[PDB]
Amino acid sequence: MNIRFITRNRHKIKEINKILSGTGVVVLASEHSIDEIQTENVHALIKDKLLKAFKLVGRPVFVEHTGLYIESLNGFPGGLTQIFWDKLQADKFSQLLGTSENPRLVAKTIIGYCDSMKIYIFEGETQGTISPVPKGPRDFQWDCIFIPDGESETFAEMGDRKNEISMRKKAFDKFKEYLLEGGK
Amino acid sequence: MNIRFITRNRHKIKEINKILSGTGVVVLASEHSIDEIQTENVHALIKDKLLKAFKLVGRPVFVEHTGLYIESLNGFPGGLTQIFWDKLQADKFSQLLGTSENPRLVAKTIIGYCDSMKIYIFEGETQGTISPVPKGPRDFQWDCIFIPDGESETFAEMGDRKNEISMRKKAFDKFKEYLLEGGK
Amino acid sequence: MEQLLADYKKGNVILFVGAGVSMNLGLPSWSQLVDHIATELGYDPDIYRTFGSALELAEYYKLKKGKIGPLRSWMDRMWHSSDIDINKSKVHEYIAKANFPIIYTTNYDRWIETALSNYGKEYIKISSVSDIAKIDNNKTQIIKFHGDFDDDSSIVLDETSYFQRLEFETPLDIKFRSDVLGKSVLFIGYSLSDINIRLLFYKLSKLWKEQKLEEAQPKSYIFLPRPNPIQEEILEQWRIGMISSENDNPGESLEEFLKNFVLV
Amino acid sequence: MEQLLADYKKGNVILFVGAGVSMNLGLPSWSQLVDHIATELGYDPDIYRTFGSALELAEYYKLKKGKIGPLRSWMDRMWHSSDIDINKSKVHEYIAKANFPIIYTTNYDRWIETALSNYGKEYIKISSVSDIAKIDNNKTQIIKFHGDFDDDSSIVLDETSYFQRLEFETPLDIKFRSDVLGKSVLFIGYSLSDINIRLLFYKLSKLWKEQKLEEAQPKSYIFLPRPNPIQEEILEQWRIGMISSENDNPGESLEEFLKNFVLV
Amino acid sequence: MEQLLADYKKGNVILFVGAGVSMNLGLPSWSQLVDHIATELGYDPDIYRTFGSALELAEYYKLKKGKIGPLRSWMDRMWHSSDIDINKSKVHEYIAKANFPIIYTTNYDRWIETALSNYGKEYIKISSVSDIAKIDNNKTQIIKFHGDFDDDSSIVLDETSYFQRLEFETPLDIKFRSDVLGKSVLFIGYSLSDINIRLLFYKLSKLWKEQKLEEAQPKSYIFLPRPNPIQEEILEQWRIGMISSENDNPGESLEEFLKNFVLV
Amino acid sequence: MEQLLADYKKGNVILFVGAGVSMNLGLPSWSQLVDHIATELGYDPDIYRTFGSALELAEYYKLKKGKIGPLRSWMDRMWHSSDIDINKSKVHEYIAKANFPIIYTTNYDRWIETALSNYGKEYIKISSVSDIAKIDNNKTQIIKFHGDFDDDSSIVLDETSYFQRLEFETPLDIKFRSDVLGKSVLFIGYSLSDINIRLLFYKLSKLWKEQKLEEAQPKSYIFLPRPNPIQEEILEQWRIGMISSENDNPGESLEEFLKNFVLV
Amino acid sequence: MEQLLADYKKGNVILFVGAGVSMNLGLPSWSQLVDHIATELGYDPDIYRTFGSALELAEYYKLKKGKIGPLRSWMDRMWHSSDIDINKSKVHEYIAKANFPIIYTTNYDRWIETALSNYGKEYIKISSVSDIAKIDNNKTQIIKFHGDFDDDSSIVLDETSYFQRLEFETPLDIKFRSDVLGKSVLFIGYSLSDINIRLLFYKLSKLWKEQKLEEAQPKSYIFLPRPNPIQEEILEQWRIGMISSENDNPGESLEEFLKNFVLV
Ligand SMILES: O=c1nc[nH]c2c1ncn2[C@H]1C[C@H](O)[C@@H](COP(=O)(O)OP(=O)(O)OP(=O)(O)O)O1
Ligand SMILES: O=c1nc[nH]c2c1ncn2[C@H]1C[C@H](O)[C@@H](COP(=O)(O)OP(=O)(O)OP(=O)(O)O)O1
Ligand SMILES: [Mg+2]
Ligand SMILES: [Mg+2]
């Protein structure tokens, strides 16, 4: 299956390519940096972004979105984590969110896929904890601060085994199950 | 001048009506809750929202947007302060942003106006300080936590004299100067 | 507006009715019809919105489904459900009680005829040339210009049907082309977007230009609640003036516009 | 003959008047017009009849003399001479006293309107689209289909004039093409020889055949005293029946035919 | 005629062939066809002639006999009998040996194609739109404009077929209307009496007058042996010049006219 | 698309060139023209794009500015700037080195003519009917169907211009309507969105159905890179097949498509 | 120079701009225009010089090419190429910074308006009478007296356009004929060779002679670098004095002449 991908993150392309390697499907990724909307419903937020990507391409195209949900912040981000990270980064993240009373937070990936006829939404989630100190490499955003639940290593420090338990994985496993199960 | 207004905030309508009272212009406000985009540029963020309001109305319509800019948070909000306030409110605002090393923050109002031919952008700003304790009435969002610079009273506690030094005022004074100076 | 009332009291104004009159009743809109076609063909609507506009969407539904018959059955059942009551419609009451001798419409529903028969006014419904043979001059002529739900071959909805109507060889086209000669047309609820009506009024303007009598052409009017200077200039080239209102609600604007016609 | 009176009392019969009605007033005939054109061009008539039919003879006069103006001036003076009295004409009296709402004519003379105004009946005379604007529904419409002597550009006499009228884009062509929709035409004094009228009724028959209600077309009638089975068959293909008379006098036959229409 | 030959060496002259070229061979005339129609319908010829011109007579034959098929069989057997030899025809030899790329004809007989196939000229016969698809640029286009004896539905003989050709929606009508744009037409054996050809050249003249370029319209020519100043003026309005000869025999006049085209 | 090459070596394929070919070149797009017109009329672009489609926006510029003279002047200067090199354009090179006898275009720029004169190929450029008179059969016909920057009256840009082209009475319209008779059209760079082209091919399809030979109609092809099943079905009804490419670059897809025609 | 500056600071000097102002920018000359006309008409330039002078040659290009449209398109593209920069022109800067209230020009290029908008000065461009309706008294008037590239009918290039302008019935001629009443005209880059301006100033001299007010006529001035006593005496009869320079460079002489006008 020849499915296209529109994004802004460049490392997201390499993660999706390494996850879907050897499956049979291929991804023709392109970089356009589609702006999202400020809404709480992630279904509408993935629906209009997939609409803008289908207006850009006109072929079968999928669209990913990834959201952190801080339980101490009453579930504030998710849909708008980008501006959050591109502002505070890692220095002003762990000193005021990793040292609070509730370090618990959940990270969700939602995939919106268009088969040039309909819109299909697949999602996956992992729970975790915010590190008090940033740890590991710092080339993929909030990977160096995200401790998953049941582990003591961040997703940047744990290496290539992050793409076996991560939420994007679960979401792309459901996406892969749909793509090899047929256009149902 | 008969100019229309599209918003979601209901108290914003009463503030704009009390500020523009006795001027000569009138405002026919309507409630639609237009979603914004997650962008840093506030000119594009007011331009597309005024585009959606002009697609909704088709008559001369202005659109306001109000952004807080926390200097401790590296200028994070502004364009997306709504979701911020709607998620963490006043309880999880002052305990982690009012007690830091840099309580300084600046609040900006940007007005996008369409005269059914062009797009006109007017803006105003006031600087201020975040309160360590929420103070005053709690019926207009971040008014009970915003200490302006050179004062010791919040904008909710100071009462009806908030509409003489506030940024929305400055922005609507430039808007009023344009609207009585003509369609230039 | 005053010359419109002077021509209306003389009896020289033809009423043209669009879908904006019928959207006050709670009928499905054009976008809901687009949605029904999209989920009937297996699409969701927003992904069928990037492909064509309206003619490509009714043409594609006709080509995949064979005919317009399932769609007409659905529009017949939805546009005439029992929840819609014509008695709480001030616009249809003002249309019925006014003295319009000839009424054209691009609606396929029968709510104009239902409103005329509710308030005790006799009429002749015209949708074929055999109904043109039944015209009485003491009764209202209601012409279903774009078809009715009684005949699938008469519904002008898709691109091929508009391509047939562009040649103006239909009897209803011939009747309209002579009815606009020397009579004013008042468009209510209508945006003048169908290409055959614009070509008809362009040819009428050309016709009055070839006789060197452009100042003597009757003037047409369109009531649009939302202003549009582009259309205003374009329709002013075809002697169609624009009447606008400052009310944001289109139904109450149309009520206040037709209040000048119902009374006396 | 009986169904014609049934449609006549219903008010669904259009009167079409040819030159044979005006032949009983003492007007110049068509052949006298040919003789006048031939003597004006330096010919003599019989040496000008081996060259062209008639459209060629009005076209050649227009081309040699520049315009149709001297011909229109001569036709205006001899067709309305003071020797002609409209009160001594039973055919025009039966036309005036009868009830025809719409009267068409291919004559350029004004004797139909003179007979209508002489016998105290109001009418609306239509020769331009600005006169289509003045149509009263309680008055007679007298449409000068082939022109009048008040306009040189309106007279349909020569070949280029009929070639212009073949496209059916004149306002009078559009008005006639919608008037024949659902109404019967009674041809008196007219031989149905003009090519645009035959093309108009051929396209009307094709239009009724395309809708597949060929039985429901209103039946037209032509009154010629001398019988012709060829025309009978050709006109019955266009739903135009022939009404003939055994009287050798054409004016008497027309008087006995219109006697059924003057009464009540 | 040096301008005609100068257009002829450039390949910008279309040959139009009428019934006189075929009448040189000894084929039955139009009068003999009208006589055969008359005695087939039970008339004697002359009384049948005093009923209609020729389109009404052929229309009456088609309406009484049902189709044109018995007539088509009779002209097929009479126009192609074994007594006619194409080798004893100098006119057809000069047509075949000339370099005319496009040849139109209103004849139904195949003597032009027989003449070109006799003298080794390769050609393409066009009587349908698939034959328009079979066009080669290095072969002579022979267009059977008024039909052929293979298809009864294509023969343009009676009034209804002339009306269908008057609408100009035939493929051959479209091909001719674009072939006359920027090419000269040379009429031989033809009188320019069919109303669809006259309307075609009238619309071509109106087309060149609309673009304000009537000085640059290509000049058409008609070779008539008997002079006619009326038609000379009328065809000169449509940029069709007249070539006349002093020889009383039309066959030898056409031979001497085509002598200028056969050589070199 | 093997049958496309089979008709290509015989010379029975007409090239139709749209606006995508004149885009690789770095010319201003259509939306840049919309932005220029909007800034010329005192608007800003999107506030002009919630009023009308495109024909309304050229019509409003022509009505506020009087003529399209400033618009033609700006389009003439920016569409033929000195920064554009025709040698660095593989699509125009593949167009020029191919052997297309007849090339149609809807561009007003002269880059097709510049590409063919640059690569040593002679051509005849057709924009009026005198250039139809200048047609050589051993040279490429480049027909500027929607106009040129030399004539303001020829540019088909606004709604009135498209209405005049919808009448199909232009010489270029008649030439195209007979060129599509029996030849295949290859659309490159073109979306088949102009209503006069769609009505032309609809009438061509109706023409081939009226002869009952619609299986023998020549098959047209359109090359669009992004696929569209709605257009595929609708153009498949008019005998226009879709050729799509999996490449996301439109210029590269057009280069690999026209590489099959550039060789031998 | 003294009385010229004295009438300048009162605001009573009209600036007239010819081609020699615009020749500093690297624009094509008049001779290169004649070379392009000769190349486009198949001539070589030097033989083409020996037939007419300028007006007959532009007349021949218009008559052979139909209209002036290809020449206007070429003149529009080469007169406004991207290599021409208005900031490196001290003549246009000295024109723009000067407060001339009325500016006339016979150039069809927009470099005066480009220089006026480039140096921050508001203007109103006049090329028709609807632009005369928009004259503001606090803005400078730029009048394109011999036309602009936005209108084919306005360009005064060939002898027919000069013959139309000789009658002084265009709105711009009446505007100029009243603007020269009681105002001084300063000619820069202009040789006073056009027949309409010489006849206009001859009629102005006759007008000041007929009122017995020859001494009270305002003095016009013309700046040519090369001294001509013949033009000096002939223009002195029309009260147009000569300003001459000793510098051989015409651009530097023009800059030194306009140095008195740019200052304060
Ligand atoms: O596995 C991850 N590990 C650490 N950080 C991550 C990860 N996945 C997303 N992120 C961060 C980067 C992105 O800036 C932000 C917003 O997520 P997200 O909206 O889906 O990506 P994006 O906005 O940056 O690019 P795009 O235009 O395709 O939506 O979350
Ligand atoms: O004077 C103010 N004092 C305290 N809080 C304020 C004020 N003005 C805005 N605010 C808060 C309320 C709003 O939720 C948030 C976003 O500002 P803002 O985007 O412009 O208003 P909104 O999103 O809630 O309604 P709308 O759809 O018209 O944009 O900032
Ligand atoms: Mg994003
Ligand atoms: Mg908001």
# chains A, B, ... in the order shown; residues from 1 in each chain; ligands from 1
>>> select_by_dssp(residues="segment 158-246 of chain E", states="strand (DSSP E or B)", output="ChimeraX atom specification")
/E:184-188,220-223,240-243
>>> write_last_selection(atoms="C-alpha atoms", output="PDB file, in the first residue's frame")
ATOM      1  CA  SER E 184     -13.185  29.370 -51.563  1.00  0.00           C
ATOM      2  CA  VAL E 185     -16.150  27.404 -52.889  1.00  0.00           C
ATOM      3  CA  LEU E 186     -16.546  26.865 -56.637  1.00  0.00           C
ATOM      4  CA  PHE E 187     -20.101  25.906 -57.604  1.00  0.00           C
ATOM      5  CA  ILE E 188     -20.401  23.981 -60.882  1.00  0.00           C
ATOM      6  CA  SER E 220     -16.598  32.104 -53.837  1.00  0.00           C
ATOM      7  CA  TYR E 221     -17.586  31.558 -57.458  1.00  0.00           C
ATOM      8  CA  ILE E 222     -20.573  30.040 -59.234  1.00  0.00           C
ATOM      9  CA  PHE E 223     -20.444  29.049 -62.906  1.00  0.00           C
ATOM     10  CA  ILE E 240     -20.049  34.654 -54.348  1.00  0.00           C
ATOM     11  CA  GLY E 241     -19.028  35.964 -57.749  1.00  0.00           C
ATOM     12  CA  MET E 242     -20.632  34.869 -60.999  1.00  0.00           C
ATOM     13  CA  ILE E 243     -18.841  33.413 -64.022  1.00  0.00           C
TER      14      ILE E 243
END
>>> residues_near_ligand(ligand="ligand 4", cutoff="10 Å", atoms="only C-alpha atoms and all ligand atoms", output="list in words")
residues 38 and 39 of chain A; 7, 8, 9, 33, 34, 35, 36, 37, 49, 64, 65, 66, 67, 79, 80, 81, 82 and 83 of chain B
>>> interface_residues(of="chain C", to="chain D", cutoff="9 Å", atoms="only C-alpha atoms", output="PyMOL selection string")
chain C and resi 12+128-135+137+169-172+174-179+181-183+207-208+211+213+216-218
>>> write_last_selection(atoms="N, CA, C and O atoms", output="compact mmCIF listing (two decimals), in the first residue's frame")
# COMPACT_ATOMS: atom_id res chain seq x y z
N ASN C 12 -47.49 43.71 -13.28
CA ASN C 12 -46.44 43.42 -14.25
C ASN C 12 -45.18 42.88 -13.58
O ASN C 12 -44.07 43.11 -14.06
N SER C 128 -45.51 20.91 -17.33
CA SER C 128 -45.43 20.35 -18.67
C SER C 128 -46.10 21.33 -19.62
O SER C 128 -46.69 22.32 -19.20
N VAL C 129 -45.99 21.04 -20.92
CA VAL C 129 -46.61 21.90 -21.93
C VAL C 129 -48.12 21.66 -21.98
O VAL C 129 -48.91 22.57 -22.33
N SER C 130 -48.57 20.48 -21.56
CA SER C 130 -49.99 20.21 -21.42
C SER C 130 -50.60 21.00 -20.27
O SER C 130 -51.80 21.28 -20.27
N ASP C 131 -49.78 21.39 -19.29
CA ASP C 131 -50.24 22.30 -18.24
C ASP C 131 -50.20 23.75 -18.70
O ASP C 131 -50.91 24.59 -18.13
N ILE C 132 -49.37 24.08 -19.69
CA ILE C 132 -49.42 25.40 -20.32
C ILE C 132 -50.73 25.56 -21.07
O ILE C 132 -51.31 26.65 -21.13
N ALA C 133 -51.25 24.45 -21.62
CA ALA C 133 -52.58 24.48 -22.25
C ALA C 133 -53.73 24.74 -21.27
O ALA C 133 -54.81 25.12 -21.71
N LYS C 134 -53.52 24.57 -19.96
CA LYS C 134 -54.57 24.73 -18.96
C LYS C 134 -54.52 26.08 -18.26
O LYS C 134 -55.05 26.20 -17.15
N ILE C 135 -53.92 27.10 -18.87
CA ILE C 135 -53.71 28.37 -18.17
C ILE C 135 -54.99 29.19 -18.20
O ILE C 135 -55.57 29.44 -19.27
N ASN C 137 -56.46 32.98 -17.04
CA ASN C 137 -55.93 34.31 -16.77
C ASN C 137 -56.45 34.91 -15.47
O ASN C 137 -55.96 35.96 -15.06
N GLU C 169 -34.73 25.07 -25.38
CA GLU C 169 -35.70 24.43 -26.26
C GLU C 169 -36.80 23.70 -25.50
O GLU C 169 -37.70 23.14 -26.12
N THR C 170 -36.72 23.68 -24.17
CA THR C 170 -37.80 23.19 -23.33
C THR C 170 -39.00 24.14 -23.45
O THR C 170 -38.80 25.34 -23.67
N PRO C 171 -40.24 23.63 -23.40
CA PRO C 171 -41.42 24.52 -23.37
C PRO C 171 -41.46 25.50 -22.21
O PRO C 171 -41.95 26.63 -22.37
N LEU C 172 -40.95 25.10 -21.04
CA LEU C 172 -40.90 26.00 -19.90
C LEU C 172 -39.88 27.10 -20.12
O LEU C 172 -40.09 28.25 -19.71
N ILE C 174 -39.14 28.32 -23.15
CA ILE C 174 -39.78 29.19 -24.14
C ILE C 174 -40.80 30.10 -23.47
O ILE C 174 -40.85 31.32 -23.74
N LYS C 175 -41.59 29.54 -22.55
CA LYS C 175 -42.58 30.31 -21.81
C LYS C 175 -41.93 31.36 -20.91
O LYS C 175 -42.41 32.49 -20.84
N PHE C 176 -40.82 31.01 -20.25
CA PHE C 176 -40.11 31.98 -19.42
C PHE C 176 -39.44 33.06 -20.26
O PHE C 176 -39.43 34.24 -19.87
N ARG C 177 -38.88 32.68 -21.41
CA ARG C 177 -38.20 33.62 -22.30
C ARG C 177 -39.17 34.62 -22.90
O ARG C 177 -38.77 35.74 -23.22
N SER C 178 -40.44 34.24 -23.07
CA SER C 178 -41.41 35.25 -23.48
C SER C 178 -42.07 35.95 -22.31
O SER C 178 -42.62 37.04 -22.48
N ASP C 179 -42.07 35.35 -21.12
CA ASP C 179 -42.67 36.01 -19.97
C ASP C 179 -41.78 37.13 -19.45
O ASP C 179 -42.28 38.10 -18.87
N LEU C 181 -40.15 39.10 -21.37
CA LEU C 181 -40.32 40.21 -22.31
C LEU C 181 -41.41 41.13 -21.80
O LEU C 181 -42.60 40.80 -21.89
N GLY C 182 -41.03 42.29 -21.28
CA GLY C 182 -42.03 43.24 -20.86
C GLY C 182 -42.63 43.01 -19.49
O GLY C 182 -43.66 43.62 -19.17
N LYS C 183 -42.04 42.15 -18.68
CA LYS C 183 -42.46 41.99 -17.29
C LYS C 183 -41.23 41.98 -16.40
O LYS C 183 -40.15 41.56 -16.81
N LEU C 207 -30.91 41.19 -26.13
CA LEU C 207 -32.11 41.41 -26.94
C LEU C 207 -32.59 42.85 -26.86
O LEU C 207 -32.97 43.44 -27.88
N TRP C 208 -32.58 43.44 -25.67
CA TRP C 208 -32.96 44.85 -25.58
C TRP C 208 -31.85 45.77 -26.08
O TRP C 208 -32.12 46.93 -26.41
N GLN C 211 -32.31 46.07 -30.08
CA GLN C 211 -33.41 46.92 -30.53
C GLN C 211 -33.19 48.39 -30.19
O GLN C 211 -34.07 49.20 -30.49
N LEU C 213 -33.12 49.92 -27.29
CA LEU C 213 -34.14 50.36 -26.35
C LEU C 213 -33.79 49.97 -24.92
O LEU C 213 -34.65 49.47 -24.19
N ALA C 216 -35.82 51.39 -21.94
CA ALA C 216 -37.21 50.98 -21.84
C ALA C 216 -37.38 49.55 -21.33
O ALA C 216 -38.52 49.08 -21.27
N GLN C 217 -36.30 48.87 -20.99
CA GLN C 217 -36.38 47.52 -20.45
C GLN C 217 -36.98 47.57 -19.04
O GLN C 217 -36.64 48.47 -18.27
N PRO C 218 -37.90 46.66 -18.70
CA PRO C 218 -38.40 46.61 -17.32
C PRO C 218 -37.32 46.18 -16.35
O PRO C 218 -36.45 45.36 -16.66
>>> closest_atom_pairs(of="chain F", to="chain A", cutoff="12 Å", atoms="only C-alpha atoms", output="Markdown table")
| residue | atom | partner | partner_atom | distance |
| --- | --- | --- | --- | --- |
| F:224 | CA | A:58 | CA | 11.7 |
| F:225 | CA | A:58 | CA | 9.9 |
| F:226 | CA | A:58 | CA | 6.3 |
| F:227 | CA | A:59 | CA | 7.1 |
| F:228 | CA | A:58 | CA | 8.1 |
| F:229 | CA | A:116 | CA | 9.7 |
| F:230 | CA | A:117 | CA | 11.4 |
| F:244 | CA | A:59 | CA | 11.4 |
| F:245 | CA | A:59 | CA | 11.0 |
| F:246 | CA | A:59 | CA | 9.2 |
| F:247 | CA | A:28 | CA | 10.4 |
| F:248 | CA | A:57 | CA | 8.1 |
| F:249 | CA | A:57 | CA | 10.6 |
| F:250 | CA | A:57 | CA | 11.6 |
>>> write_last_selection(atoms="N, CA and C atoms", output="short mmCIF file (atom, residue, chain, number, x, y, z; two decimals), in the first residue's frame")
data_model
loop_
_atom_site.label_atom_id
_atom_site.label_comp_id
_atom_site.auth_asym_id
_atom_site.auth_seq_id
_atom_site.Cartn_x
_atom_site.Cartn_y
_atom_site.Cartn_z
N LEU F 224 -4.31 14.15 -16.01
CA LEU F 224 -4.24 14.84 -14.73
C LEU F 224 -3.43 13.99 -13.77
N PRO F 225 -2.45 14.57 -13.06
CA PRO F 225 -1.67 13.76 -12.10
C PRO F 225 -2.47 13.32 -10.89
N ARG F 226 -3.20 14.21 -10.23
CA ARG F 226 -3.98 13.78 -9.10
C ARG F 226 -5.23 13.17 -9.59
N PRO F 227 -5.58 12.03 -9.05
CA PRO F 227 -6.77 11.32 -9.54
C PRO F 227 -8.06 11.89 -8.97
N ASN F 228 -9.13 11.67 -9.71
CA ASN F 228 -10.46 12.17 -9.35
C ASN F 228 -11.47 11.22 -9.97
N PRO F 229 -12.14 10.40 -9.15
CA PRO F 229 -13.09 9.43 -9.72
C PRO F 229 -14.37 10.07 -10.23
N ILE F 230 -14.73 11.21 -9.65
CA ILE F 230 -15.91 11.96 -10.06
C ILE F 230 -15.73 12.50 -11.47
N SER F 244 -3.60 8.95 -15.33
CA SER F 244 -3.05 9.49 -14.10
C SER F 244 -1.66 8.94 -13.84
N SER F 245 -0.91 9.64 -13.01
CA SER F 245 0.44 9.26 -12.64
C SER F 245 0.55 9.19 -11.12
N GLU F 246 1.42 8.30 -10.65
CA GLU F 246 1.65 8.15 -9.22
C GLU F 246 2.66 9.16 -8.69
N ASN F 247 3.34 9.89 -9.57
CA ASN F 247 4.29 10.90 -9.13
C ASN F 247 3.55 12.11 -8.58
N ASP F 248 4.05 12.65 -7.47
CA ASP F 248 3.45 13.81 -6.84
C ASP F 248 3.85 15.12 -7.50
N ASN F 249 4.88 15.12 -8.33
CA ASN F 249 5.28 16.31 -9.07
C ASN F 249 4.48 16.38 -10.37
N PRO F 250 3.75 17.47 -10.62
CA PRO F 250 2.96 17.53 -11.87
C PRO F 250 3.81 17.75 -13.11
#
>>> select_by_dssp(residues="segment 81-141 of chain A", states="alpha helix (DSSP H)", output="number ranges by chain")
A: 81-88, 94-97
>>> write_last_selection(atoms="C-alpha atoms", output="PDB file, in the first residue's frame")
ATOM      1  CA  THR A  81       1.767  20.376  22.909  1.00  0.00           C
ATOM      2  CA  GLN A  82       3.909  21.731  20.082  1.00  0.00           C
ATOM      3  CA  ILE A  83       3.694  25.409  21.068  1.00  0.00           C
ATOM      4  CA  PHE A  84       4.230  24.241  24.695  1.00  0.00           C
ATOM      5  CA  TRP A  85       7.478  22.445  23.866  1.00  0.00           C
ATOM      6  CA  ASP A  86       8.696  25.038  21.441  1.00  0.00           C
ATOM      7  CA  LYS A  87       8.337  27.542  24.231  1.00  0.00           C
ATOM      8  CA  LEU A  88       9.390  26.145  27.625  1.00  0.00           C
ATOM      9  CA  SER A  94      10.978  19.503  34.783  1.00  0.00           C
ATOM     10  CA  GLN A  95      11.582  22.238  37.362  1.00  0.00           C
ATOM     11  CA  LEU A  96       7.878  23.101  37.738  1.00  0.00           C
ATOM     12  CA  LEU A  97       6.059  19.960  36.539  1.00  0.00           C
TER      13      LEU A  97
END
>>> residues_around(residues="segment 145-162 of chain D", least_positions_apart="4", cutoff="7 Å", atoms="only C-alpha atoms", output="ChimeraX atom specification")
/D:55-56,58-59,68-69,72,76,104-109,127,166,172,196
>>> atom_distance(atom1="atom CA of residue 118 of chain A", atom2="atom CA of residue 44 of chain C")
5.3 Å
>>> closest_residue(among="A:23, A:17, A:129, A:41", to="chain B", atoms="only C-alpha atoms")
A:41
>>> atom_distance(atom1="atom CA of residue 84 of chain D", atom2="atom CA of residue 112 of chain D")
13.1 Å
>>> atom_distance(atom1="atom CA of residue 112 of chain A", atom2="atom CA of residue 29 of chain C")
28.2 Å
>>> residues_around(residues="residue 21 of chain A", least_positions_apart="5", cutoff="12 Å", atoms="only C-alpha atoms", output="mmCIF file with N, CA, C and O atoms, in the first residue's frame")
data_model
loop_
_atom_site.group_PDB
_atom_site.id
_atom_site.type_symbol
_atom_site.label_atom_id
_atom_site.label_comp_id
_atom_site.auth_asym_id
_atom_site.auth_seq_id
_atom_site.Cartn_x
_atom_site.Cartn_y
_atom_site.Cartn_z
ATOM 1 N N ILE A 13 9.051 11.225 10.781
ATOM 2 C CA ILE A 13 9.163 10.466 9.536
ATOM 3 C C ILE A 13 10.059 9.246 9.720
ATOM 4 O O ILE A 13 9.713 8.135 9.294
ATOM 5 N N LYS A 14 11.194 9.420 10.407
ATOM 6 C CA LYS A 14 12.113 8.306 10.624
ATOM 7 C C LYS A 14 11.552 7.296 11.624
ATOM 8 O O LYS A 14 11.780 6.091 11.478
ATOM 9 N N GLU A 15 10.792 7.764 12.625
ATOM 10 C CA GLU A 15 10.136 6.833 13.547
ATOM 11 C C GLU A 15 9.067 5.995 12.850
ATOM 12 O O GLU A 15 8.979 4.782 13.075
ATOM 13 N N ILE A 16 8.248 6.629 12.005
ATOM 14 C CA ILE A 16 7.191 5.917 11.288
ATOM 15 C C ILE A 16 7.789 4.974 10.244
ATOM 16 O O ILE A 16 7.288 3.860 10.031
ATOM 17 N N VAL A 26 4.461 1.240 2.286
ATOM 18 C CA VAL A 26 5.515 2.246 2.244
ATOM 19 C C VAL A 26 4.882 3.610 2.467
ATOM 20 O O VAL A 26 3.684 3.807 2.241
ATOM 21 N N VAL A 27 5.696 4.556 2.927
ATOM 22 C CA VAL A 27 5.233 5.896 3.261
ATOM 23 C C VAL A 27 6.032 6.897 2.436
ATOM 24 O O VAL A 27 7.267 6.896 2.477
ATOM 25 N N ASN A 163 10.418 2.076 20.230
ATOM 26 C CA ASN A 163 9.434 1.687 19.227
ATOM 27 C C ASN A 163 9.012 0.226 19.346
ATOM 28 O O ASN A 163 9.021 -0.498 18.347
ATOM 29 N N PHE A 172 -0.083 2.715 15.428
ATOM 30 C CA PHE A 172 0.294 2.208 14.121
ATOM 31 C C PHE A 172 0.122 0.704 14.002
ATOM 32 O O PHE A 172 0.060 0.202 12.883
ATOM 33 N N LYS A 176 -1.856 -0.590 11.002
ATOM 34 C CA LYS A 176 -1.339 -1.692 10.194
ATOM 35 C C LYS A 176 -2.350 -2.828 10.093
ATOM 36 O O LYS A 176 -2.489 -3.446 9.030
#
>>> residues_around(residues="residue 91 of chain F", least_positions_apart="5", cutoff="12 Å", atoms="only C-alpha atoms", output="VMD selection string")
chain F and resid 17 20 to 25 86 96 to 98 111 to 112 115 to 116 188 to 189 250 to 262
